[PDB]
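Here's the structure, in structure tokens; my notes come after.
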């Protein structure tokens, strides 16, 4: 069961950010960061909003490292159910399969 692996790595970069959804308008950056810190030292946290001024129930959370982020996800992924919402929280990387760059060239 050879743990881990190594191989070629194309140019793209590492996104240490996360995309959270299914949130209410009663939660704030602090709230999350507070419930996220327990998993890892978050670098920066922001909350998405519209024009009028109503949270879209989503926010962006960036961790110091990738591993830390991976945890917070499976840790708070569709596990909680913010009040008012019948669905579970949606936590997933901001750029899942979005790599700006040519494979062949």
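Structure above, values below:
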| quantity | calculated |
| --- | --- |
| Radius, Kirkwood style, for the chain when every pair of distinct Cα atoms is counted (Å) | 15.2 |
| Ranked list, fewest to most other Cβ atoms within 10 Å of each Cβ, for 34, 16 | 34, 16 |
| Ranked list, fewest to most other Cβ atoms within 10 Å of each Cβ, for 9, 44 | 9, 44 |
| Degrees, to the nearest 10: 66-76 long Cα axis against longest axis of the chain | 40 |
| Relative contact order (%) - the chain, alpha-carbon pairs under 8 angstrom, separation at least six | 34 |
| The chain: calculated mean residue ellipticity at 222 nm from DSSP helix runs of at least 4, using -39500 (n - 2.57) | -5000 deg cm²/dmol |
| Which of 8, 88 has the fewest Cβ neighbours within 10 Å, and the rest in rising order | 8, 88 |
| Fraction in percent of alpha-carbon pairs per bin - 5 Å, the range 43-96 | 4, 17, 24, 26, 17, 9, 2, 0 |
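Quick reminder, even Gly has a Cβ in these numbers, built from the backbone with ideal geometry, and neighbours come from all protein chains shown. Laboratory data are not the source of any read-out in this text; all were calculated from the coordinates shown.
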